[PDB]
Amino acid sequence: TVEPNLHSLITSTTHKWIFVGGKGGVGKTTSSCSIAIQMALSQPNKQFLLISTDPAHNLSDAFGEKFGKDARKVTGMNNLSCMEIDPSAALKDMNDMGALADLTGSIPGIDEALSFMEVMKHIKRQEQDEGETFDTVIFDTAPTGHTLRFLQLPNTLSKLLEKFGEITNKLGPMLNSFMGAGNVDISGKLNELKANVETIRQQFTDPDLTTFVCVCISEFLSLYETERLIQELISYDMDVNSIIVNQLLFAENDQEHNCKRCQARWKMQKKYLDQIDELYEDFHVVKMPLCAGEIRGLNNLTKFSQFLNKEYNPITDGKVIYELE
């Protein structure tokens, strides 16, 4: 039925948008890179882009290369290109070049939709100056904040374009005498948003064009935060089908293992894994092993990432998680 891996997605040809996210230091970035590398290696034809909003420049840290606002290609790859931009340190540079400001914090979701299209822009620009079309883009969703909440903006902006009017047509003599000192602009320029962000929406709501992958560690506070997230995404009508449970130490059988503490934690993780499996039967629950020390740079990110395709087997693969010391 539903295989315990992301093979079906790394093999998929239909998808164009993939989102990876997860609060807490669970492995979002590492997974982001892994899903990227894996997809790139499995489809040579297509061209890929791994983009990150984070200010701390994580992708750069992960690979050990300096990626900037300029979509460079991963040194050692051939269709994977990373791009790190800051939409906040660009929003304070968009308009910083009044009314178009005092209505954003008023309406929940704008700032996001704005910041996002600011990104999409920086992307198509690259595809121009480089004349190279990206078939699929992977989003290293930002750690904090509901980065892609704008998907509700439409149904929310409708309550205003049906209000700013239901008051302009319920008080007629004073809707006419109501010389709107401000032209239809507000009710017309923030009317085109419910479109310029309604097309992008029927992109991210197509079960075959975009999907989200949740990263989580197997402890309570995390299985919670992600159950929350899965709900937040279900509401947006986005597709959530796979969760990658990271940092599992399959201690039940280990090489050079004879430590007491470590085996106590595994016992707990195991407990919750069984619960996750029970809670999400229709989901792709991917178990990833906890390697000894950092997983940095392509040579390792790759080696580690293959366990998103062919599920990791603690017995046989036990060694491969030690080539990373």
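Don't overthink the numbering: it's just position in the shown sequence, from 1.
- In this entry, residue 179 and residue 180 are joined directly, with no residue of the deposited sequence lacking coordinates between them.
- In this entry, the higher average B-factor at the C-alpha atoms falls on 63 to 71, of the pair 295 to 303 and 63 to 71.
- Per-stretch averaging of Cα B factors for 35 to 43 and 264 to 272 places 264 to 272 on top.
- Across 227, 140, 129, 237, the greatest Cα temperature factor reported in the deposited entry is at 129.
- When the C-alpha B factors of 78, 136, 202, 191 are read from the deposited coordinates, the top value falls at 191.
- When the modelled residues of the chain are ordered by their C-alpha B factor, residue 250 lands in the middle third.
- Among the modelled residues of its chain, residue 2 has a C-alpha B-factor that falls in the middle third according to the deposited record.
- Residue 287: CA B factor in the lowest third of modelled residues in this chain (values from the PDB entry).
- Ranked by C-alpha B-factor against the other modelled residues of its chain, residue 185 falls in the highest third.
- Sort the chain's modelled residues by C-alpha temperature factor and residue 28 lands in the lowest third, per the entry.
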